Peer 1: 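Questions regarding the structure given below will be posed in turn.
Proteins come first, then strands; the chains are lettered A, B, ... in the order of their sequence lines, and each starts at number 1.
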Number of protein chains: 4
Amino acid sequence: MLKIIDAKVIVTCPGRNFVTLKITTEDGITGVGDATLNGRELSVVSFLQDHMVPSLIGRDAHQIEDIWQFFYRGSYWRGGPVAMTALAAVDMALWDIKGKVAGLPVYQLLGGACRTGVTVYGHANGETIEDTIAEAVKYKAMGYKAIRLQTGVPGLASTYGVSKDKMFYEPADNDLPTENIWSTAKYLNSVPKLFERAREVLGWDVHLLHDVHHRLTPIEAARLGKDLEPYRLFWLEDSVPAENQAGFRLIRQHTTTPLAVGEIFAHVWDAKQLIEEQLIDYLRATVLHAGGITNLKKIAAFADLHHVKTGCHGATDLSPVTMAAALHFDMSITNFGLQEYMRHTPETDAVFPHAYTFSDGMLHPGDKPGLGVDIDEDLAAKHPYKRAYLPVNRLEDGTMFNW
Amino acid sequence: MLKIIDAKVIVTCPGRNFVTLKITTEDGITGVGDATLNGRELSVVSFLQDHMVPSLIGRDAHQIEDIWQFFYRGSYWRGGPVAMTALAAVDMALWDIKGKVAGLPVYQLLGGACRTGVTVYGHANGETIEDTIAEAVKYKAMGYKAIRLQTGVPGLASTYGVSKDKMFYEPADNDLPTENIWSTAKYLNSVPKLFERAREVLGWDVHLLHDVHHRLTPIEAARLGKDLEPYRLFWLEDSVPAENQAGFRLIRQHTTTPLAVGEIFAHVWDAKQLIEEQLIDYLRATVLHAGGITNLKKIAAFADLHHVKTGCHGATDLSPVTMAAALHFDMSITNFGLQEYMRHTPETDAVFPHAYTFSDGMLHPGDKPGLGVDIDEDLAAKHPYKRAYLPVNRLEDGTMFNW
Amino acid sequence: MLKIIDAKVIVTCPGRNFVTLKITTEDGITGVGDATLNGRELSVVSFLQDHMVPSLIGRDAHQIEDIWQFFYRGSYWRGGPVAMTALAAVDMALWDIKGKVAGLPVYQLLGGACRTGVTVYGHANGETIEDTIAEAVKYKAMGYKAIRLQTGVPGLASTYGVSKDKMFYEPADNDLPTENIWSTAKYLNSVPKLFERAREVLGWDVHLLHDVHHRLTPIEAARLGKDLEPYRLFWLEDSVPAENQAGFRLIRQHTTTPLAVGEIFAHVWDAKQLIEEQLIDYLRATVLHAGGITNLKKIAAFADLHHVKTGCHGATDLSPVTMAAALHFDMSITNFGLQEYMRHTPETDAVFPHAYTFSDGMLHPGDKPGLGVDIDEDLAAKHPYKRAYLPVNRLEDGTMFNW
Amino acid sequence: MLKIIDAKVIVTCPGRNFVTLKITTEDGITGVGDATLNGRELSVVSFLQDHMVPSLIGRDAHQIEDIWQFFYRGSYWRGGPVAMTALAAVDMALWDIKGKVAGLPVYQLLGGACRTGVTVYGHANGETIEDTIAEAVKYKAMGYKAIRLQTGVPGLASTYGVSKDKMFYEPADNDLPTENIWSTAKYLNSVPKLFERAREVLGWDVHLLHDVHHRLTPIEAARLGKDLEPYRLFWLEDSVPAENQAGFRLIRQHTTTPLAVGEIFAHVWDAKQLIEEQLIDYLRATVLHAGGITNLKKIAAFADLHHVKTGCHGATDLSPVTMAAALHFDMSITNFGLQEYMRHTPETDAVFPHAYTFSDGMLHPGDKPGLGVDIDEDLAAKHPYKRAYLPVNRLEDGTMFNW
Ligand SMILES: O=C(O)[C@@H](O)[C@@H](O)[C@H](O)[C@H](O)CO
Ligand SMILES: O=C(O)[C@@H](O)[C@@H](O)[C@H](O)[C@H](O)CO
Ligand SMILES: [Cl-]
Ligand SMILES: [Cl-]
Ligand SMILES: [Cl-]
Ligand SMILES: [Cl-]
Ligand SMILES: [Mg+2]
Ligand SMILES: [Mg+2]
Ligand SMILES: [Mg+2]
Ligand SMILES: [Mg+2]
């Protein structure tokens with residue numbers, strides 16, 4: 001019986017915004033969870049502290065599932081990114097506690113080690129094809145086994161994933177949304193050239209990825225998928241907005257390029273049709289935005305029935321706390337595919353001291369009891385919240401579109 | 001060009017919590033929109049004032065659809081109760097402003113009057129059948145053409161819809177969520193007697209409704225539906241949790257009792273399969289919780305291709321701002337089914353003076369420019385926020401369940 | 001790192017045959033897992049000691065999921081009752097060891113407590129209706145919340161569930177399989193009277209079950225299901241052989257009597273269509289015959305996406321080791337339906353001392369570290385293996401049929 | 001009335017393990033059946049001798065079908081490789097007896113001769129493409145009309161089907177499973193080159209096969225299928241693990257390369273969806289592992305309705321007894337496709353003297369009464385069981401995978 005005596009939502013910006021729940025049990029055992037929802041951070045803060053937290057006090061922290069259900073069902077209005085991100089943080093924290101009590105790293109509870117480390121991909125980008133490739137060469141020298149390639153679009157001032165940042169990508173860069181302009185035709189005409197060149201310079205053993213980032217229609221993705229088959233990509237991610245899951249039928253019907261989707265998914269329902277109809281090969285949903293370890297685990301199992309692997313989203317806006325948690329999950333399942341790994345700042349790392357390590361293209365969560373992560377509150381207090389928005393995207397005619 | 005110069009979020013609790021958005025244009029033309037999310041109110045307040053509101057400043061209030069898209073797509077993490085309720089408030093207020101600029105009630109902009117008024121249902125409930133029927137008799141004498149009936153379950157301390165309230169039902173009643181105990185079997189064995197007796201006393205002209213409130217499995221709903229066929233109910237609402245929309249296939253397959261669902265839906269995607277497969281007869285989604293007049297209008301047109309009518313939710317946690325917007329939408333569509341009408345408190349009515357009127361079993365939005373509703377800010381300020389939660393539900397063995 | 005130093009298979013027959021696997025770790029921490037396959041026991045014994053066991057030596061007992069996969073995939077010939085029962089024993093014993101290492105009951109590792117106990121059903125049976133009802137009355141007085149009812153068929157020497165046993169049923173009763181004679185028509189014409197009378201005497205609060213035990217065609221099950229609707233059965237189990245899972249479509253299409261199936265299933269693939277098409281309401285698959293806690297947990301999460309609950313089989317040929325593992329799993333899931341509970345003999349209980357307890361219609365696994373169960377090897381050795389077979393069934397014309 | 005007076009399970013290892021049932025009738029007529037289940041041999045031994053055999057004694061051997069049903073249904077737990085391999089051996093033996101009594105080879109009972117002999121394929125392999133091709137040239141000179149091609153994968157230490165053995169392949173080569181490492185990307189990049197070269201050297205009249213051996217996902221096989229179309233393969237076998245039969249839809253949708261699957265199948269249910277949806281062109285299931293002559297015959301008939309032919313598995317771990325039986329089946333059906341033929345050792349041939357012969361690319365079962373095979377018990381006793389396991393396979397990251 002592990003009485004919860006305190007729960008606190010902490011907000012800090014050591015290079016970018018992060019929200020963190022910290023839960024303290026009667027005898028001083030603590031657990032932390034990530035609750036960062038990029039571009040909408042303080043909405044999760046309230047949902048937690050004004051609403052969910054008062055129900056945590058006095059409860060038995062052992063009851064992870066019951067607590068999961070109490071909040072998911074109890075809110076009445078169900079699901080959604082704000083609600084499911086709040087719950088992920090409770091869940092992460094509860095598993096962290098569980099691990100400490102058991103005296104085991106969290107993966108030891110979830111099925112134990114299924115591989116020697118978690119293979120990641122990094123983030124090569126450049127304004128030109130040459131730029132991008134040079135970045136990919138760098139990554140390949142650094143021992144990355146998988147690399148994502150993004151490059152500027154001829155005749156467009158900007159496009160997703162290209163900037164001055166090289167080991168990562170931080171698009172929430174302004175106190176109002178940065179405005180972008182877009183042309184599907186110009187992208188579709190040019191981006192295949194990138195992977196053609198990538199194969200010429202980099203060879204065939206390295207895994208290459210691409211994030212389309214919500215900008216195509218199904219018949220368009222189908223075609224990009226087709227143009228990309230000669231270069232044997234690891235996956236083509238978020239090719240089309242997926243609220244209409246049937247949208248992926250057209251793509252699957254026309255290309256064999258492997259498909260990923262789901263960083264934004266809040267619950268299993270966002271991916272069910274996609275999984276059950278075998279329309280994707282990788283699910284990108286994370287413990288952070290789809291309701292924590294408890295839920296992602298149920299989802300991965302459903303996914304394994306349909307040849308679907310995990311390709312968990314790994315952007316900078318997932319704190320080290322999420323990443324510790326993602327690693328314990330990644331380690332413990334059979335159908336793991338890949339883990340995205342964007343480098344945080346050295347200030348972020350200082351605020352969220354963690355046991356996980358990177359070597360030979362792989363992350364490993366380490367073997368500390370629980371998650372193997374904590375939050376330095378004093379250092380945290382040194383960096384207050386600063387408002388920052390994700391960018392937005394319009395068509396050439398001004399049409400409001402998808403960034 | 002109608003420049004937005006200010007936009008403020010107002011929180012008041014004249015009998016229960018309500019969140020309101022009030023937008024002001026350069027020329028002093030104002031609009032209001034409801035943003036209430038029962039039991040998770042402050043989270044919407046944050047989502048709006050900390051995140052959405054700053055983007056409103058300086059925009060042209062005329063661009064309703066662009067602003068709608070800007071917010072829906074620009075959030076990146078899409079949909080969900082929080083985001084869509086916040087967007088509803090914006091949408092309602094822009095429509096209000098549109099109305100005023102045009103010197104017309106909103107419904108005149110959306111298609112014109114399609115009926116002489118909007119037929120409502122009221123809520124009769126009680127511990128015993130005779131208590132519930134006694135109440136139904138009152139509502140009929142009051143000229144209601146439709147009545148929802150809820151009654152206690154023999155062998156259970158409490159059930160949905162049953163309490164000391166007669167003209168409404170207000171479960172957001174405690175500083176921590178009230179816990180309840182549920183038995184499906186006891187409920188299924190008893191409720192049909194409710195309606196048998198209802199028909200004996202009230203006869204066959206009055207429409208009789210029932211809200212199952214999330215507590216059945218499809219095969220159980222099938223059976224309850226069948227048991228209730230003899231009494232010709234207008235609808236059987238929320239019989240099963242709808243995240244799995246294919247769930248309704250089994251109900252539809254076994255009973256001709258007409259089906260309602262959707263008060264908690266945040267977007268078209270929560271109902272798409274239900275509508276396209278003709279699994280339901282009434283959609284209960286509202287302008288408040290499904291992204292406003294803009295979104296609900298698209299949804300209604302889609303629903304009409306498949307014999308689905310509107311039966312919008314209208315419990316008291318929808319403020320009179322919602323009700324005004326709901327009544328304009330209701331007036332303006334071919335496929336109107338019915339409108340729920342729970343009496344707000346006198347204090348609430350005073351805080352949100354409105355033009356809409358109730359006569360002869362029907363509401364009417366009235367004919368003022370805009371929505372015909374405002375918030376009295378001085379009066380509002382006399383009624384501070386008071387934290388209050390919806391109740392939760394567990395099975396006899398203690399399993400977390402749905403309320 | 002928990003090196004496996006020994007792993008031995010133990011065969012004993014304290015009232016009936018049981019096969020047990022006992023794994024020993026370098027530091028003297030041990031675990032047990034049930035490996036009993038009624039009527040084909042020694043085949044599992046061989047599969048384990050001659051083939052699987054040698055691979056266990058020297059492995060890290062922590063790696064539960066890897067060992068699970070090693071054995072499932074490494075056998076080459078996959079699935080099947082033998083292989084999956086043998087793997088179940090391994091899985092149970094590793095979970096037992098995991099529990100002990102962590103100083104926690106297994107259920108604490110799988111999600112924590114979700115209910116205050118695990119509601120069971122007992123078995124009332126008899127030659128005549130009055131004999132069966134007489135027995136149901138006893139079980140109700142004993143505080144059972146659920147009761148299975150089986151009764152003799154007029155015009156048939158014998159039928160399933162009927163015999164001189166009251167608190168259990170043990171058909172593995174002869175050195176060569178007992179032969180029986182079956183008539184579908186006589187059964188279908190009589191059994192509904194069972195439940196009519198059951199309801200008259202026992203009333204409508206108690207859950208009433210029925211195991212058809214494989215003897216119908218879909219169109220026949222459809223009809224029996226319909227005939228039994230008036231009596232509101234908790235479930236109708238194994239109504240038809242399920243190798244053809246589309247068979248349930250016709251039943252589901254014609255009746256709202258809730259359906260159970262699956263005690264004999266060896267893997268997820270035996271139930272996948274049944275679950276995904278919502279053809280059933282309860283899955284009867286067990287940790288013993290479907291590859292253990294590891295597998296059953298994935299299966300349960302899948303079943304929960306489709307309104308399917310667990311109604312695990314629990315006849316006496318599942319040893320108390322199975323029951324301990326079953327109770328930890330049952331305690332830990334949101335979608336628990338019910339647990340079958342057949343009383344083991346006193347001698348059996350003595351051979352497998354256990355922590356689980358029965359009170360007020362509910363079992364509880366208790367709170368010892370691990371599964372909370374052991375085999376007493378000296379006592380076990382006093383009860384040699386005794387060959388015993390399940391009975392077989394033929395039609396009136398002599399056709400080999402299903403028992 | 002042919003009373004069975006004795007049934008004996010014989011175990012021997014004349015180069016590799018084989019299990020054999022021998023059944024003796026009252027007047028001295030005997031029949032033999034194969035019961036070898038590679039890597040799990042003694043599990044079938046027990047299932048037979050400890051469990052099934054006692055029910056054979058005293059029965060009428062004429063009753064092949066009733067006996068088939070008695071054991072398949074009678075076991076209660078149904079199907080699975082262990083159970084279905086045991087039953088195959090009973091069935092083979094019973095048909096062998098039947099043929100002797102009738103004084104005819106077994107094919108004469110099953111429909112008689114449908115072709116002049118049974119066309120086979122052999123097994124070319126090599127570390128390099130050159131190696132493999134040279135082996136295929138050899139086979140083509142030896143008069144083989146069909147040849148399977150396997151070759152080493154660049155940058156992998158090992159891969160399926162390559163070894164020092166040339167007229168066959170014996171992978172169960174160790175007293176614990178040999179461990180292998182795997183890379184899908186490296187295989188997919190290189191194996192098409194093999195068949196390109198094969199066509200250049202060998203020409204277009206010879207039939208060429210390839211066994212993928214369980215290592216791809218559907219979208220991957222689809223692609224390999226596509227890359228292989230220019231070389232017009234006879235089939236691409238076991239491209240993906242088939243427990244999810246819907247997995248083959250994606251492949252069929254994208255390639256016209258002919259598909260085979262099923263050596264591991266235990267029953268019709270393992271192939272039904274695959275057959276009924278026309279997802280494969282060849283079924284590889286055998287009399288050995290899918291329940292003997294009786295069952296495979298029913299299956300072939302179902303297969304003929306959907307353009308599916310037999311491509312029976314023929315590895316060394318099917319004894320001459322199985323091969324005699326496979327030939328009588330192959331001879332007697334309209335929809336025969338191909339028979340795999342790996343050479344046994346000369347010691348195996350001595351222990352299982354057989355009447356079947358090989359010439360001009362074809363096997364023929366001969367025209368002796370019954371199967372035309374027996375087992376030399378004295379020679380058999382000269383070679384005791386020796387434990388040997390099939391290999392296993394992990395990904396580069398250590399993930400437990402499919403061999
Ligand atoms: O149909 C209804 O009126 C009910 O579902 C509502 O009272 C519901 O319980 C509340 O609006 C939830 O806030
Ligand atoms: O539901 C049940 O309890 C029955 O199906 C079992 O008694 C079954 O007959 C035996 O467990 C088979 O071993
Ligand atoms: Cl939300
Ligand atoms: Cl939301
Ligand atoms: Cl098996
Ligand atoms: Cl088996
Ligand atoms: Mg992305
Ligand atoms: Mg309702
Ligand atoms: Mg049963
Ligand atoms: Mg093969």
Peer 1: Taking the six-membered ring for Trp, are D:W403 and D:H214 ring centroids under 6.0 Å apart?
Peer 2: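 No.
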
Peer 1: Does any N or O in the side chain of D:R148 come within less than 3.5 Å of the main-chain N or O of D:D211, such that one atom is a donor and the other an acceptor?
Peer 2: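 Judged by distance alone, no pair lies under 3.5 Å.
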
Peer 1: For the residue pair B:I219 and C:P258, what are the closest heavy atoms and their distance?
Peer 2: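 Residues B:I219 and C:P258, closest heavy atoms: CG2-CB, 4.4 Å.
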
Peer 1: Can you tell me how far OG1 of A:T334 sits from CZ of D:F401, rounded to the nearest 0.5 angstrom?
Peer 2: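 The OG1 atom of A:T334 is 9.5 Å from CZ of D:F401, to the nearest 0.5 Å.
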
Peer 1: Taking the cut-offs as 6.0 angstrom to the six-membered ring centre and 45 degrees off its axis, would you call D:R215 and D:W182 a cation-pi pair?
Peer 2: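 That pair qualifies as a cation-pi contact.
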
Peer 1: Find the distance between CD (D:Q278) and CD (D:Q273) and round it off to the nearest 0.5 Å.
Peer 2: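 Those atoms lie 13.5 Å apart.
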
Peer 1: Write out all pairs satisfying side chain to side chain donor-acceptor pair (under 3.5 Å) with one or both partners inside residues 297-312 of chain D, taking only residues at least two apart or from two chains.
Peer 2: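 Output for this query lists D:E65-D:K298.
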
Peer 1: Give a yes or no answer on whether the side chain of C:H289 reaches the backbone of C:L37 with a donor-acceptor pair at less than 3.5 Å.
Peer 2: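 Not at all, since once roles are kept as given, no pair shorter than 3.5 Å links the two residues.
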
Peer 1: Using the side chain to side chain contact (heavy atoms under 4.5 Å, CB included) rule, take D:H210 and D:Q150 through it: C-alpha gap first, then chi angles, then the decisive distance, then the call.
Peer 2: CA-CA 7 Å; D:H210 182 65; D:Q150 313 290 138; 3.4 Å; yes

Peer 1: Any idea how A:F302 and C:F302 line up, ring-wise: parallel (<30°), tilted (30 to 60°), or perpendicular (>60°)?
Peer 2: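 Rings of A:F302 and C:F302: parallel, under 30°.
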
Peer 1: Would you say that C:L305 contacts A:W269 through its side chain, given a criterion of any heavy-atom pair below 4.5 Å between the two side chains?
Peer 2: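 Yes, side chains in contact.
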
Peer 1: Taking D:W235 as the fixed residue, which of D:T257, D:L338, D:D281 is the one that meets the side chain to side chain contact (heavy atoms under 4.5 Å, CB included) rule?
Peer 2: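 Between D:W235 and the candidates, side chain to side chain contact (heavy atoms under 4.5 Å, CB included) is satisfied uniquely by D:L338.
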
Peer 1: Where do D:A242 and D:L274 come nearest, in terms of heavy atoms and distance?
Peer 2: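 Here D:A242 and D:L274 meet closest at CB-CD1, 4.4 Å.
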
Peer 1: If you round to the nearest 0.5 Å, how far is CH2 of D:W77 from CZ of C:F265?
Peer 2: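 Output value for this atom pair is 12.0 Å.
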
Peer 1: Taking C-beta and beyond as the side chain, do D:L318 and D:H313 meet within less than 4.5 Å on heavy atoms?
Peer 2: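 Side-chain contact under 4.5 Å: yes.
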
Peer 1: Can you name the nearest heavy-atom pair linking C:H267 to C:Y72, along with the distance?
Peer 2: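 Smallest interatomic distance, heavy atoms only, reads CD2-OH, 3.4 Å.
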
Peer 1: Given 3.5 Å as the limit, does a donor-acceptor pair link the side chain of D:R284 with the main chain of D:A260, or not?
Peer 2: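 No; zero donor-acceptor contacts below 3.5 Å.
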
Peer 1: Do you know the tightest heavy-atom contact between D:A266 and D:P81?
Peer 2: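 Residues D:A266 and D:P81, closest heavy atoms: CB-N, 3.8 Å.
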
Peer 1: Work out which heavy atom in D:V82 is nearest to a heavy atom in D:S43; give both atom names and the distance.
Peer 2: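 Nearest pair, atom of D:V82 first, then D:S43: CG2-OG, 3.6 Å.
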
Peer 1: Is the centre of the C:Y76 ring less than 6.0 Å from the centre of the D:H213 ring?
Peer 2: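 Yes, the ring centres sit under 6.0 Å apart.
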
Peer 1: Taking the side chain as every heavy atom from C-beta outward, state whether D:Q253 and A:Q253 have any pair of such atoms under 4.5 Å apart.
Peer 2: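 Side chain of D:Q253 against side chain of A:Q253, heavy atoms only: contact under 4.5 Å found.
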
Peer 1: Could you check whether any side-chain N or O of D:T36 sits under 3.5 Å from a backbone N or O of D:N38, counting only pairs where one atom can act as donor and the other as acceptor?
Peer 2: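 Answer holds: no.
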
Peer 1: Only one of D:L296, D:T294, D:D330 passes side chain to side chain contact (heavy atoms under 4.5 Å, CB included) with D:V287; say which it is.
Peer 2: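 Exactly one option meets the side chain to side chain contact (heavy atoms under 4.5 Å, CB included) with D:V287, and it is D:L296.
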
Peer 1: Any chance you could measure D:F47, atom CZ, to C:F47, atom CZ, to the nearest 0.5 Å?
Peer 2: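 So the gap between those two atoms works out to 12.5 Å.
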
Peer 1: State, yes or no, whether a side-chain contact exists between D:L224 and D:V212 at a heavy-atom distance under 4.5 Å.
Peer 2: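 They are in contact (side-chain heavy atoms under 4.5 Å apart), so the answer is yes.
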
Peer 1: Using modelled atom types and a 3.5 Å cut-off, is there a donor and acceptor pairing between side-chain atoms of D:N295 and backbone atoms of D:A290?
Peer 2: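 Flag set: sc D:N295 to bb D:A290 pair under 3.5 Å.
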
Peer 1: Measure from the side-chain N and O atoms of D:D91 to the backbone N and O of D:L87, and report whether any donor-acceptor pair falls under 3.5 Å.
Peer 2: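 No, because the side chain of D:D91 does not come within donor-acceptor range (under 3.5 Å) of the backbone of D:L87.
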
Peer 1: Can you find a heavy atom in the side chain of D:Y121 that is under 4.5 Å from one in the side chain of D:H207?
Peer 2: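 Not in contact.
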
Peer 1: Evaluate the criterion side chain to side chain contact (heavy atoms under 4.5 Å, CB included) for residue pair D:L288 and D:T85; output intermediate values, then yes/no.
Peer 2: CA-CA 6 Å; D:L288 174 48; D:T85 304; 3.7 Å; yes

Peer 1: Under a 4.0 Å threshold between the charged nitrogen and the carboxylate oxygen, would D:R223 count as salt-bridged to A:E229?
Peer 2: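 Looking at D:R223 together with A:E229, the answer is no, because their closest N to O distance does not fall below 4.0 Å.
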
Peer 1: Show me the pairs that pass side chain to side chain donor-acceptor pair (under 3.5 Å) and involve residues 239-248 of chain D, at least two apart or across chains.
Peer 2: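 Non-adjacent pairs meeting side chain to side chain donor-acceptor pair (under 3.5 Å): C:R78-D:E243.
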
Peer 1: Please report the closest heavy-atom contact between D:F234 and D:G337, naming both atoms and the distance.
Peer 2: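 Minimum heavy-atom contact is CZ-O, 3.9 Å.
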
Peer 1: Side chains of D:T184 and D:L216: closer than 4.5 Å at any heavy-atom pair?
Peer 2: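 Sidechains of D:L216 and D:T184: in contact.
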
Peer 1: Are A:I280 and A:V308 close enough that some pair of their side-chain heavy atoms sits under 4.5 Å apart?
Peer 2: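 Yes, side chains in contact.
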
Peer 1: Do side-chain atoms of D:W68 reach the backbone of D:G291 as a donor and acceptor pair under 3.5 angstrom?
Peer 2: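 The answer is yes, because a donor-acceptor pair under 3.5 Å joins these two groups.
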
Peer 1: In Å, rounded to the nearest 0.5 Å, how long is the span from CG of A:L279 to CZ of A:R249?
Peer 2: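 The CG atom of A:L279 sits 7.5 Å away from the CZ atom of A:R249.
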
Peer 1: Just by modelled atom types, is the D:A300 backbone N or O under 3.5 Å from a matching donor or acceptor in the D:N335 side chain?
Peer 2: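 Answer holds: yes.
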
Peer 1: Backbone N or O of D:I251 within a donor-acceptor pair of the D:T255 side chain at under 3.5 Å?
Peer 2: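 No, D:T255 side chain to D:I251 backbone: no donor-acceptor pair under 3.5 Å.
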
Peer 1: Can C:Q69 and C:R73 be counted as having a side-chain donor-acceptor contact under 3.5 angstrom?
Peer 2: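 Note: C:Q69 and C:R73 side chains meet the donor-acceptor criterion.
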
Peer 1: Kindly indicate whether the side chain of A:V261, heavy atoms from C-beta on, has any atom under 4.5 Å from the side chain of A:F248.
Peer 2: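 Heavy-atom side-chain distance check passes, below 4.5 Å.
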
Peer 1: Between atom CG of B:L250 and atom CZ of C:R252, what is the distance when rounded to the nearest 0.5 Å?
Peer 2: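 One gets 5.0 Å once the value is rounded to the nearest 0.5 Å.
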
